[PDB]
$ cat model.csv   # CSV, C-alpha atoms
chain,number,residue,atom,x,y,z
A,5,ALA,CA,56.9,-52.3,6.5
A,6,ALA,CA,53.1,-52.3,6.6
A,7,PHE,CA,52.8,-48.7,5.7
A,8,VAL,CA,49.9,-49.2,3.4
A,9,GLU,CA,47.2,-47.4,5.5
A,10,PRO,CA,44.4,-46.4,3.0
A,11,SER,CA,43.9,-49.7,1.3
A,12,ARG,CA,43.0,-51.3,4.6
A,13,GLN,CA,41.3,-48.0,5.6
A,14,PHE,CA,39.2,-47.9,2.4
A,15,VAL,CA,37.9,-51.5,3.1
A,16,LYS,CA,37.5,-50.7,6.8
A,17,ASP,CA,35.5,-47.6,5.8
A,18,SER,CA,33.6,-48.9,2.8
A,19,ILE,CA,32.1,-51.7,5.0
A,20,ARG,CA,30.9,-48.9,7.3
A,21,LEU,CA,29.1,-47.3,4.4
A,22,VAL,CA,27.3,-50.4,3.3
A,23,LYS,CA,26.3,-51.3,6.9
A,24,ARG,CA,24.5,-48.0,7.7
A,25,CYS,CA,22.9,-48.1,4.3
A,26,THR,CA,19.3,-49.3,3.8
A,27,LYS,CA,19.0,-52.4,1.6
A,28,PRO,CA,15.9,-52.3,-0.6
A,29,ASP,CA,13.8,-55.2,0.7
A,30,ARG,CA,11.0,-57.1,-1.0
A,31,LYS,CA,8.2,-54.5,-0.9
A,32,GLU,CA,10.7,-51.9,-2.2
A,33,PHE,CA,12.1,-54.2,-4.8
A,34,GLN,CA,8.9,-54.8,-6.8
A,35,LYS,CA,8.0,-51.1,-6.5
A,36,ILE,CA,11.2,-50.4,-8.6
A,37,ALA,CA,11.4,-53.6,-10.7
A,38,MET,CA,8.2,-52.8,-12.6
A,39,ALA,CA,9.1,-49.1,-13.0
A,40,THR,CA,12.4,-50.1,-14.7
A,41,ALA,CA,10.5,-52.7,-16.7
A,42,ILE,CA,7.8,-50.3,-17.8
A,43,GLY,CA,10.4,-47.7,-18.7
A,44,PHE,CA,12.2,-50.5,-20.5
A,45,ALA,CA,9.0,-51.6,-22.2
A,46,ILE,CA,8.1,-48.0,-23.2
A,47,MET,CA,11.3,-47.7,-25.1
A,48,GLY,CA,11.3,-51.4,-25.9
A,49,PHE,CA,7.8,-51.5,-27.5
A,50,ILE,CA,7.1,-48.1,-28.9
A,51,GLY,CA,10.7,-47.9,-30.1
A,52,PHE,CA,10.8,-51.5,-31.4
A,53,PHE,CA,7.5,-51.1,-33.3
A,54,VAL,CA,8.8,-47.9,-34.9
A,55,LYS,CA,12.0,-49.8,-35.9
A,56,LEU,CA,9.8,-52.3,-37.8
A,57,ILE,CA,7.9,-49.4,-39.5
A,58,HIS,CA,10.7,-48.1,-41.8
A,59,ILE,CA,12.1,-51.6,-42.7
A,60,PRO,CA,9.9,-51.8,-45.8
A,61,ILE,CA,9.6,-48.0,-46.2
A,62,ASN,CA,13.2,-47.5,-47.3
A,63,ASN,CA,13.1,-50.7,-49.3
B,71,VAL,CA,4.5,-26.8,-31.6
B,72,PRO,CA,6.3,-24.9,-34.4
B,73,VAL,CA,9.2,-27.4,-34.0
B,74,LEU,CA,6.8,-30.2,-35.0
B,75,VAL,CA,6.2,-28.3,-38.3
B,76,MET,CA,10.0,-28.1,-38.8
B,77,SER,CA,10.5,-31.7,-37.8
B,78,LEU,CA,7.7,-32.9,-40.1
B,79,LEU,CA,9.2,-30.8,-43.0
B,80,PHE,CA,12.7,-32.2,-42.5
B,81,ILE,CA,11.8,-35.9,-42.7
B,82,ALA,CA,9.6,-35.2,-45.7
B,83,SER,CA,12.5,-33.2,-47.3
B,84,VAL,CA,15.0,-36.0,-47.0
B,85,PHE,CA,12.5,-38.6,-48.2
B,86,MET,CA,12.0,-36.5,-51.3
B,87,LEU,CA,15.8,-35.9,-51.4
B,88,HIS,CA,16.4,-39.7,-51.0
B,89,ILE,CA,13.8,-40.5,-53.8
B,90,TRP,CA,15.3,-37.8,-56.1

$ encode --input "model.csv" --output "C-alpha cells"
Amino acid sequence: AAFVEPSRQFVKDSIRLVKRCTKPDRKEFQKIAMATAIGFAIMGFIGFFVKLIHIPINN
Amino acid sequence: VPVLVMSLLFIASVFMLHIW
C-alpha cells in the first residue's frame, strides 16, 4: 500500500541537493552580512531621514 | 536630466495645489 513514491523521493533528493551545495562559511558570511546591512542602512538612513523631513512640512 | 525638471515641477505643483 506504500505507493507514495515522490514524497519519499523528494526528501531523498532534496537532501542530495543540500549536500552537494556549498555552505557560506565564516569568511563568506561577513562578506555578505555587511553588504546587506549597508544596503539596509542606505535605505534605512537616507530614507528614514527623508521621512522625518516632511513631518513638519505638511503640518 | 529633463525628468528631474518634470519631477521637480510636479512636487512643486501639488504643494501649491495642496496649499490652494

$ closest_atom_pairs --input "model.csv" --of "chain B" --to "chain A" --cutoff "10 Å" --atoms "only C-alpha atoms" --output "JSON lines"
{"residue": "B:85", "atom": "CA", "partner": "A:62", "partner_atom": "CA", "distance": 9.0}
{"residue": "B:88", "atom": "CA", "partner": "A:62", "partner_atom": "CA", "distance": 9.2}
{"residue": "B:89", "atom": "CA", "partner": "A:62", "partner_atom": "CA", "distance": 9.6}

$ atom_distance --input "model.csv" --atom1 "CA of residue 84 in chain B" --atom2 "CA of residue 52 in chain A"
22.4 Å

$ atom_distance --input "model.csv" --atom1 "CA of residue 81 in chain B" --atom2 "CA of residue 58 in chain A"
12.3 Å

$ atom_distance --input "model.csv" --atom1 "CA of residue 25 in chain A" --atom2 "CA of residue 40 in chain A"
21.8 Å
